[PDB]
Number of protein chains: 2
Amino acid sequence: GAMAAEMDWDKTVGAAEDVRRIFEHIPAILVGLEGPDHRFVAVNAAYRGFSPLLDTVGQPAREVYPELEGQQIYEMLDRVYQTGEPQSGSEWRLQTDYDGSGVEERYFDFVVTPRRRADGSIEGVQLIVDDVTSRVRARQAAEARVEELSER
Amino acid sequence: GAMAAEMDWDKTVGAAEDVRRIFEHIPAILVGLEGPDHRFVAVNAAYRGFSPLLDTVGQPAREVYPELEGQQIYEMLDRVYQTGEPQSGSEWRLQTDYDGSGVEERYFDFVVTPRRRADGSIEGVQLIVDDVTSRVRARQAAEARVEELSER
Ligand SMILES: CCCCCCCCCCCCCCCC(=O)O
Ligand SMILES: CCCCCCCCCCCCCCCC(=O)O
């Protein structure tokens, strides 16, 4: 059959206002960024609940979490934006100020992909993030316990 | 300070067209459902790629995956929609036809939450889903391997 005509977004994805309300309430940290400076363009309630430091969308990510410039993150995002090669991480240990209580260590699982405009050029990136800090800490505590029982 | 006025969605979440584009391309299976019949209202490329059986949004989920009526799923969704109590699952083993190749077993991690309208009443639910079938099968194969090495 002939190649499919342009996507009918309303039918295939959902109406824009509905999709925004659902995105806002998806029970996972979701983030969309745009342009070569990785400006926040979409963030949901989960994101803002875990990291309430972001005011309105629009800022380059580096201005919100500058310490991550020492931890490969913006170099990584650049690569995705430039080459289109997606990336993921399992339990990446990162240190920055997430909620205004001070710099701290958190662990993250994530997947990041590029986003293309109609002509095929990359306009930004988006990610799912899982804050696994408490789960890593629980695993560590459980290991400490079995270590202690086995030693005594 | 006074209570905050109504959310400025454009500034807090993102512009509706932008947010829909980002939702569509989030590297995770995302699904929003509306009303007491759990009608699909938002689905992304990841969802449609893993389960290409859905045509346009709008159908009750039960019509697409009817077998799951034998596997607690619609009773679970009803509970979330009725009571507002969110639910999650780790490696739930479910059998239905996901891609038109026939009924098969898949394993899922998920989180499902309700979605409220302005007056506080629940208008639907939404979920993140992680298809963990291949990871469960890999774990099983690795266990079978250590079992066999230890037995010989
Ligand atoms: C924030 C820049 C995007 C880079 C994505 C790499 C994955 C690490 C996520 C760290 C960003 C801040 C974490 C936000 C939510 C949280 O602390 O759980
Ligand atoms: C399909 C709507 C019901 C949602 C209820 C529980 C979510 C876990 C079960 C997901 C079943 C559909 C899976 C589609 C994507 C895939 O097969 O990876």
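Whatever order the structure lists ligands and atoms in, that order sets their numbers, starting from 1. Chain A is the first sequence line, chain B the second, and so forth, proteins listed ahead of strands; every chain is numbered from 1.
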May I have every N or O pair linking ligand 1 to the protein at under 3.5 Å, one per line with atom names and distance?
residue	atom	partner	partner atom	Å
ligand 1	17 (O)	A/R106	NH1	2.8
ligand 1	18 (O)	A/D131	OD2	2.7

### Task
Output all residues satisfying side-chain contact (heavy atoms from CB on, under 4.5 Å) with A/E75, sequence neighbours left out; order by chain, then residue number.
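If we apply the side-chain contact (heavy atoms from CB on, under 4.5 Å) test to A/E75, skipping adjacent residues, there are no hits.
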
### Query
What's in the same ILVMFWY side-chain cluster as B/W9, cut-off under 4.5 Å, chained through other members?
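Its cluster partners, ordered by chain and number, are A/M7, A/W9, A/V13, A/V19, A/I22, A/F23, A/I26, A/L30, A/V41, A/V111, A/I128, B/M7, B/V13, B/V19, B/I22, B/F23, B/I26, B/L30, B/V41, B/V111, B/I128.
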
### Query
Are any side-chain N or O atoms of A/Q126 and backbone N or O atoms of A/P114, one a donor and one an acceptor, separated by less than 3.5 Å?
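It does hold such a pair.
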
### Query
Does the ring centre of A/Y98 sit less than 6.0 Å away from the ring centre of A/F108?
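That pair passes the under 6.0 Å test.
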
### Query
Just checking, any donor-acceptor pair under 3.5 angstrom between side chains of B/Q82 and B/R79?
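No, B/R79 and B/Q82 have no side-chain donor paired with an acceptor closer than 3.5 Å.
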
### Task
Give every residue pair that meets the salt bridge (charged side-chain N to carboxylate O under 4.0 Å, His left out) criterion with at least one member in residues 38-66 of chain A, sequence neighbours excluded.
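Every salt bridge (charged side-chain N to carboxylate O under 4.0 Å, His left out) pair that includes a residue of residues 38-66 of chain A, provided the two are not neighbours, is A/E24-A/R48, A/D37-A/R62.
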
